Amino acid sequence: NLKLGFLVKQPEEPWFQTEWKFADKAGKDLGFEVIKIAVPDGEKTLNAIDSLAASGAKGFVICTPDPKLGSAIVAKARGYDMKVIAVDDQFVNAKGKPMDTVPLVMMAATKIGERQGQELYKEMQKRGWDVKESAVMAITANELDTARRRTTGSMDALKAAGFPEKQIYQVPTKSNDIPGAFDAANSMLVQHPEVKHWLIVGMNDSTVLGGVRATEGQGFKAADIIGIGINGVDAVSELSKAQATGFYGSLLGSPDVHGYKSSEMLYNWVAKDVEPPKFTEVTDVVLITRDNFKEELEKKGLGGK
């Protein structure tokens, strides 16, 4: 009978789709209805809450399209006697300090990032690239913490592994999608004619994919590119292709956990006024490649690949 909202920034990415799916499950289990809304931008976010209130929802889980909407979201919520839980992306203040006060469930950004970096270097070593003619292209979205911590973690790990600091080139992307990353990567490539082999660093699948698509456009062959995405579920279409590409594999997270856990906690909070922990960090990761993606998806109950 109880209605709880599940707002996501990017409903077109399997990650978010899966979070929805597992929110549904939680609903089934606990006996509550999930109202699934896309909030791609700030306005739609604020409008969506209004709409929720109309429907007579008692709270919502949200991945905000903008961390800096935090204040507004909370205010609107309070006004409607709605409880909020943040998923994925953390609320920040005007000054861009994290709002500790809102319960969050997110991925262990740093740890996953560092695992990306490890695995990048590992595959490089495998291929016997000459470091001298190799480079790292780091496509960044520094304004998003969880993203920041990811790419920084990757760079740290690479630097730690012995990859020359001076051969790591960062480029900000305007959007956390393929088109965005494509533009970014493209602009960086034409600057570095000397490079023969690229490692591509990005916070998620799409970002890395964007990077890869760009390199192919500048006449790099698969052998000469290593990109490892983050998310896993986002990467399935790529890993499924006949031909191997620059996109070598992905770190599979737990969007199932994100969806289910966040919803479950909201309900309890709403229904039973059981205060969720302020911070939940999900540490799950597995490397999925062309060779294993199918197993691992099925293994994690994210069947289909």
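Just count from 1 along the sequence shown to find any residue number.
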| query | Looking at the deposited entry, does 206 to 214 or 71 to 79 carry the larger mean Cα B-factor? | reply | 71 to 79
| note | Ranked by mean Cα B-factor in the entry, 276 to 284 and 37 to 45, top stretch is 276 to 284
| query | Among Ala184, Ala161, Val195, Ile200, which carries the highest Cα B-factor? | reply | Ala161
| said: Just the C-alpha B-factor column, please: which of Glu114, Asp177, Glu165, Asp89 has the biggest number? | reply: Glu165
| query | Considering only modelled residues of the same chain, in which third does the CA B-factor of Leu2 rank: lowest, middle or highest? | reply | highest
| said: Which third, lowest, middle or highest, does the C-alpha temperature factor of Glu133 belong to within its own chain? | reply: highest
| Among modelled residues of the same chain, the CA temperature factor third for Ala54 | highest
| said: Can you tell me whether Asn142 has a C-alpha B-factor in the lowest, middle or highest third compared with the other modelled residues of the same chain? | reply: middle
| request: Select lowest, middle or highest to describe the third in which the CA B-factor of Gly31 falls within its chain in this entry. | output: highest
